[PDB]
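Here is the structure we will look at.
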Amino acid sequence: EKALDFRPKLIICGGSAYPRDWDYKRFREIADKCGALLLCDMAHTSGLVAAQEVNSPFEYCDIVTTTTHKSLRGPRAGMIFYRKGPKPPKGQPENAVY
Amino acid sequence: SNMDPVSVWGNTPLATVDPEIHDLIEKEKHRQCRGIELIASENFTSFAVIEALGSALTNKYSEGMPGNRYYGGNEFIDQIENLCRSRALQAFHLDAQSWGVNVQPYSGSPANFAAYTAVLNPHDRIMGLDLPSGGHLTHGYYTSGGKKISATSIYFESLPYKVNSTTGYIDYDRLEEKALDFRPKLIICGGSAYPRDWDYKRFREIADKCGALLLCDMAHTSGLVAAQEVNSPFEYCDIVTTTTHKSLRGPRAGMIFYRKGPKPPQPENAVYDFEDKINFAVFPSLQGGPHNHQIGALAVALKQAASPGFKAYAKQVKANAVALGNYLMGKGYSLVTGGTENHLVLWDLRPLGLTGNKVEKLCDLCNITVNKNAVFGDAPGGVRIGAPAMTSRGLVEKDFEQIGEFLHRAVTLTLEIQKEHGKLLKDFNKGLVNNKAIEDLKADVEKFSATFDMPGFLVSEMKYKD
Amino acid sequence: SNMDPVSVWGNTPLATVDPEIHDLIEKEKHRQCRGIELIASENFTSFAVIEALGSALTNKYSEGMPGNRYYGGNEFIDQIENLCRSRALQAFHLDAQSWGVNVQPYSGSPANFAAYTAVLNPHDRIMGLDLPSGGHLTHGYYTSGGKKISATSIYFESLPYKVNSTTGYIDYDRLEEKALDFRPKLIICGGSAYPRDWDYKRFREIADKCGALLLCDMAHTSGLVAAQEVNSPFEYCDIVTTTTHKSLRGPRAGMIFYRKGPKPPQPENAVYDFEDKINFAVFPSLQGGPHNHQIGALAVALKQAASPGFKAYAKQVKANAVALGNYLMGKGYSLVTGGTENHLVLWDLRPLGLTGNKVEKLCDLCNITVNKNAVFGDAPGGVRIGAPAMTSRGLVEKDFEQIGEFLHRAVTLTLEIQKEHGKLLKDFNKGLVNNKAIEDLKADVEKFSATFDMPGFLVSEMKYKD
Amino acid sequence: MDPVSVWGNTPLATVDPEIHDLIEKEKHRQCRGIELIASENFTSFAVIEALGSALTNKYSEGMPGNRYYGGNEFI
Ligand SMILES: Cc1ncc(COP(=O)(O)O)c(CNCC(=O)O)c1O
Ligand SMILES: Cc1ncc(COP(=O)(O)O)c(CNCC(=O)O)c1O
């Protein structure tokens with residue numbers, strides 16, 4: 001409801017103190033309905049994501065950002081993952097690419 | 001090789017200088033007294049207003065405020081503007097120690113945008129009534145696709161609030177919740193197709209809780225406000241904007257009212273700082289020279305609005321809208337909120353399976369002018385209908401019931417044409433060509449309208465009398 | 001308890017409805033024909049324009065474009081607007097396949113701001129002529145202290161360009177250098193106190209080199225442009241805005257011209273995309289309903305401007321400005337650029353040790369209306385003087401030399417009063433009370449002005465004939 | 001759901017033309033004939049207005065002051 005009212009260009013999912021997994025499919029559904037990009041900040045659960053122990057944001061998000069020093073157990077740094085190549089089928093022109 | 005003499009180019013009447021524009025105006029004068037004018041933002045103003053509007057006042061440049069002008073020749077312009085300002089305050093029963101007014105806005109949309117410029121920075125947050133809920137373009141409008149339509153939404157960050165989906169009244173609780181989330185610097189109240197009064201007290205409570213300025217755009221009901229026939233926004237709002245041509249029955253112009261003096265209990269004995277910001281926003285920020293013929297005509301309209309006849313006019317407008325609304329409901333038509341507390345009715349046509357487009361088109365052909373209008377959760381689904389213009393021609397309740405019957409016939413015809421030719425506009429249009437029933441209704445409308453008086457010009461002197 | 005009858009409130013003349021505003025207008029009509037009106041942005045328009053301005057056209061709401069309106073009743077409004085648009089194109093000798101025009105702007109400042117809204121995003125960069133170099137507020141203005149005054153500088157990022165400090169002409173080379181540094185999306189040309197013609201060809205070269213749109217605001221000289229008496233901005237500019245009340249001699253209104261069709265050699269057969277953006281910026285982005293009485297009056301003014309008499313008027317305006325300028329220089333007065341190529345002269349008073357404030361004040365008291373005006377490297381140091389208004393009353397070169405002599409007497413008096421009472425305004429004012437010489441000059445001015453004809457009303461019918 | 005006014009505030013003549021017609025015919029029978037039934041009378045319009053009124057919407061079991069539930073201030 002707030003997304004359809006506010007019309008964000010970008011919806012962020014992921015958090016710092018949320019003890020449950022995320023329904024990225026529903027986030028994708030909401031983002032598609034309102035016309036937004038969808039970004040996951042998986043900083044906290046990046047290690048669990050890499051180990052395939054929580055839902056993967058990559059299946060539904062356009063961009064995935066993370067730190068490297070929390071559950072990923074690396075140095076202090078950041079990474080930005082982004083989709084490349086042809087866009088999946090969507091009022092979208094054929095041959096559309098990321 | 002020589003200039004035309006002043007008498008040839010400058011003193012000759014319009015009928016001779018420009019027969020083609022003179023003819024077109026006479027045709028428009030005839031259209032105005034031979035149809036039923038139900039556009040809720042229209043009115044028929046007085047001859048005295050039109051005489052001041054069309055006067056030498058158009059020749060004078062006078063940038064600035066009276067007493068603080070950028071150049072001279074303003075001895076009389078200053079008195080006319082000072083008179084307009086003082087009559088504005090009197091017509092709305094305002095103490096000059098508590099309220100000031102700027103009467104230079106060219107129209108209502110410039111008035112609103114100058115108010116925003118005065119008290120907001122670019123990209124500051126604003127909320128106003130959503131357009132499908134009865135709000136106005138200048139209160140903010142962007143599409144589902146994110147296209148920013150209103151300049152309000154281009155230069156500020158707007159978020160609409162809506163009516164309650166069950167009742168059609170403002171949803172005050174959802175507005176409070178949204179204002180606390182969004183944190184607007186400015187909340188706008190008033191609208192263009194809302195048929196109920198406003199709880200300005202509750203708007204002030206929401207604005208105080210979230211830290212917002214509160215502005216009312218009373219353009220549509222300004223005449224009812226001046227006559228004290230609806231709630232007064234001045235009791236609770238920091239700023240009040242308005243047009244002057246709708247229910248106020250004046251020229252096309254705008255005004256900005258603003259509070260002065262002590263603020264309610266912030267530092268002690270803190271005072272409002274609107275006056276200088278608002279005057280400066282109008283000039284030199286946004287406008288150039290005032291349109292002094294509009295200001296003089298507006299001063300006339302504000303004198304007329306302060307009269308006992310105008311108080312009776314405003315009562316009659318309300319009574320006419322109610323009488324028309326009740327007539328339509330009696331025929332099984334659906335009104336938004338099931339009635340009206342002001343000058344308009346909002347007629348939801350979706351229960352009939354009709355669009356606003358078809359009903360507006362069909363009785364435009366019968367000389368009945370309404371406007372298709374969005375309705376909640378909408379190809380507009382309704383039509384908006386106003387009483388101010390026909391009330392100004394002298395009509396009363398039973399005349400507005402006859403207007404109800406003409407509308408009942410028109411929508412009956414619309415249903416028949418849609419049933420026989422189809423719902424696509426291309427197909428629906430087939431039923432509009434050489435339709436005896438349309439011609440019949442148009443003839444009935446024109447005979448009805450011709451019986452009434454007409455302000456602003458003499459029907460006895462007009463070129464097209466047939 | 002009853003409404004006033006339509007004849008009482010709605011058909012009674014202004015003289016009876018509002019004697020106080022009627023009296024003030026008659027006094028302003030008298031001031032207009034008993035003084036010397038040298039405000040360069042003023043004119044005296046025709047009775048035919050005033051009759052259309054003051055007409056039933058004020059009653060019609062018509063949001064949208066003709067043929068694409070939001071509601072009905074617009075059969076005749078559409079023809080009047082379509083006629084206005086076509087006459088606008090004809091008066092400026094424009095091919096309709098290459099140029100379109102929007103005639104709804106309320107005034108020149110709304111016209112400019114709508115043009116910016118059409119083609120720029122918020123905070124896009126703009127350059128226009130600096131105010132002390134003769135530019136206009138709407139072209140951008142912020143103070144030394146950084147305060148953003150113009151709405152152009154509030155909502156966009158403006159940077160001024162200046163005249164050459166030696167010659168007073170536009171410094172085209174420094175503008176090119178600045179445009180390449182600042183990289184504006186929009187460069188504005190035209191101004192309000194620049195006394196020379198514009199090299200639009202060079203502006204197009206600078207705009208092409210830096211990638212900018214090019215817009216001319218021809219408000220002041222529009223009438224000279226239509227008469228082909230100055231360079232045409234249309235040869236080189238993407239967009240042309242204007243007011244219609246200054247040298248064009250029309251109502252107070254604005255217009256936006258824009259290119260259509262193929263662009264000059266970018267993709268092949270690429271075309272201009274201004275029309276839809278400009279129409280949409282005017283409505284629904286910024287304005288509400290058009291002021292249809294202004295549009296009809298403007299259509300009249302555009303017919304009059306297309307006449308051989310108007311071409312002769314525009315020549316005479318130029319000849320009158322030159323004759324006045326030459327008279328003043330002969331008395332040892334300093335003009336900016338040492339002359340004029342258009343309708344105004346800019347008189348630099350600093351060599352005399354005088355301010356614009358004193359000279360404007362003193363001959364306002366003698367019924368001579370000028371405006372103090374900033375001059376390069378400035379308490380404005382000069383006065384601006386225009387020929388359009390008095391030329392419209394029929395004056396020719398030797399009448400403008402008499403006007404020169406009245407100004408020579410006024411500035412002589414100003415010097416004497418400043419010498420005898422002092423330079424501080426408080427002290428200078430002491431010499432303005434019961435000054436026989438001022439009274440004498442005022443009497444001479446009034447006898448001079450009373451001999452000339454007056455457009456727009458009949459001096460034979462006015463209330464104050466003495 | 002219909003809009004309230006469409007079903008709830010429209011007149012009998014259009015909601016139910018057959019019943020409206022039958023009542024109109026019975027009103028006509030009542031004043032074109034000689035009604036000599038000793039147990040019949042013609043009551044007043046004032047009585048009929050109170051009879052067809054919002055009072056029909058109120059349940060008020062029990063007695064004034066001694067009711068089974070609330071809302072009976074005016075009943
Ligand atoms: C060049 C120019 N452009 C636009 C405007 C604005 O016109 P409006 O007042 O209609 O908004 C002016 C007014 N200039 C007034 C003067 O120079 O005296 C102007 O000089
Ligand atoms: C509430 C409101 N505010 C401002 C305006 C703008 O007025 P101008 O056209 O003078 O700019 C309108 C116009 N509303 C037109 C209508 O509802 O039909 C309005 O309805």
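Residue numbers begin at 1 in each chain, while the letters A, B, ... track the order of the sequences. Just so you know, these numbers use all the heavy atoms, side chains as well, and skip hydrogens, waters and symmetry mates.
- In this structure, a donor-acceptor pair under 3.5 Å is present between the side chains of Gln32(C) and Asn59(B).
- In this structure, the portion of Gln304(C) lying under 4.5 Å from any heavy atom of chain B is its side chain and not its backbone.
- For the set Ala299(C), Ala56(C), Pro251(C), the entry with the most heavy-atom pairs within less than 4.5 Å of chain B is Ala56(C).
- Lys29(B) contributes no side-chain N or O that, together with a main-chain N or O of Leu57(C), makes up a donor-acceptor pair within less than 3.5 Å.
- Once rounded to the nearest 0.5 Å, the distance linking CD of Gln79(C) with CD of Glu28(B) reads 10.5 Å.
- Of the two parts of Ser392(C), the backbone and the side chain both hold a non-hydrogen atom closer than 4.5 Å to a non-hydrogen atom of chain B.
- By number of non-hydrogen pairs under 4.5 angstrom with chain B, the leading residue of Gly356(C), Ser41(C), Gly289(C) is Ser41(C).
- Taking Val396(B), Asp18(B), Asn357(B), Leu53(B) one by one and counting their heavy-atom pairs under 4.5 Å with chain C, the maximum is reached by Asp18(B).
- Proximity of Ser46(C) to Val17(B): side-chain heavy atoms (C-beta onward) are nowhere separated by under 4.5 Å.
- Between chain B and the options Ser107(C), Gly456(C), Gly288(C), the largest number of non-hydrogen pairs under 4.5 Å is found for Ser107(C).
- For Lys27(C), the parts sitting under 4.5 Å from any heavy atom of chain B are the backbone and the side chain alike.
- Between the side chain of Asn2(C) and the main chain of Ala312(B), no donor-acceptor pair closer than 3.5 Å is present.
- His123(B) and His123(C) have their aromatic ring centers within a separation under 6.0 angstrom.
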Exercise for the section: Any chance you could lay out the salt bridge (charged side-chain N to carboxylate O under 4.0 Å, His left out) test for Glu75(B) and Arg31(C), step after step, and finish with the verdict? Expected result: CA-CA 9 Å; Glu75(B) 214 197 326; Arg31(C) 191 203 67 70; over 6 Å; no
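- Inspection of the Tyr71(B) and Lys361(C) side chains reveals no N or O donor paired with an N or O acceptor under 3.5 Å.
- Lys60(B) and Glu42(C) are joined by a salt bridge, as a carboxylate oxygen and a charged side-chain nitrogen come within less than 4.0 angstrom of each other.
- Taking the side chain as every heavy atom from C-beta outward, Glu51(C) and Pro13(B) approach each other to under 4.5 Å.
- By the 4.5 Å heavy-atom criterion applied to side chains, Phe113(C) and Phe113(B) are counted as neighbours.
- Interface residue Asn11(C): backbone and side-chain heavy atoms are both found under 4.5 Å from chain B.
- Heavy-atom pairs under 4.5 Å with chain C were tallied for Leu137(B), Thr243(B), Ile39(B); the largest tally goes to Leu137(B).
- Residue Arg249(C) touches chain B through its side chain alone, counting heavy-atom pairs closer than 4.5 Å.
- Scanning all heavy atoms of the two residues, the minimum distance from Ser285(B) to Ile154(C) falls at OG-CD1, 4.0 Å.
- The choice from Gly296(C), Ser55(C), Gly35(C) that makes the most heavy-atom pairs within less than 4.5 Å of chain B is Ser55(C).
- The closest side-chain heavy-atom distance from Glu20(C) to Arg87(B) is below 4.5 Å.
- Within the 4.5 Å cutoff, side-chain heavy atoms of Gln294(B) are placed close to those of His291(C).
- Residue contact with chain C, scored on non-hydrogen atoms closer than 4.5 Å, is absent for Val49(B).
- The two residues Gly309(C) and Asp4(B) have their closest heavy-atom pair at CA-OD2, 3.6 Å.
- When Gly394(B), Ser307(B), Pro284(B), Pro110(B) are compared by the number of non-hydrogen pairs under 4.5 Å with chain C, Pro284(B) comes out ahead.
- Here the CZ-CH2 distance, from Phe310(C) to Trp9(B), works out to 9.0 Å after rounding to the nearest 0.5 Å.
- In this structure a side-chain-to-backbone donor-acceptor pair under 3.5 Å is missing from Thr369(C) to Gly72(B).
- Between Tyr155(C) and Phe156(B), the two ring planes are perpendicular [angle over 60°; tilted spans 30° to 60°].
- Residue contact with chain B, scored on non-hydrogen atoms closer than 4.5 Å, is absent for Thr16(C).
- Using a 4.5 Å cut-off between heavy atoms, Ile50(C) contacts chain B through both its backbone and its side chain.
- Taking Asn371(B), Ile77(B), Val300(B), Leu286(B) one by one and counting their heavy-atom pairs under 4.5 Å with chain C, the maximum is reached by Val300(B).
- At a 4.5 Å heavy-atom cutoff, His22(C) makes no contact with chain B through either its backbone or its side chain.
- In this structure, no portion of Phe452(C) lies under 4.5 Å from any heavy atom of chain B.
- Of the two parts of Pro290(C), only the backbone, made up of N, CA, C and O, holds a non-hydrogen atom closer than 4.5 Å to a non-hydrogen atom of chain B.
- Annotation: maximal heavy-atom pairing with chain C below 4.5 Å, among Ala297(B), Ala48(B), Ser7(B), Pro5(B), occurs at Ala48(B).
- The contact between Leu83(C) and chain B is made entirely by side chain atoms (from C-beta outward), counting heavy-atom distances below 4.5 Å.
- Looking at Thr12(C), the atoms closer than 4.5 Å to chain B (heavy atoms on both sides) all sit in the backbone: N, CA, C or O.
- With respect to chain B, the highest number of heavy-atom pairs below 4.5 Å among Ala314(C), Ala151(C), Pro380(C), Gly73(C) belongs to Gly73(C).
- Heavy-atom pairs under 4.5 Å with chain B were tallied for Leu24(C), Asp453(C), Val8(C); the largest tally goes to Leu24(C).
- Side chains of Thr58(C) and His245(B) form no contact here, defined as non-hydrogen atoms less than 4.5 Å apart.
- When side chains are defined from C-beta on, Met3(B) counts as touching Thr391(C), because their heavy atoms get closer than 4.5 Å.
- The shortest side-chain heavy-atom distance between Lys246(B) and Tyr61(C) falls under the 4.5 Å cut-off.
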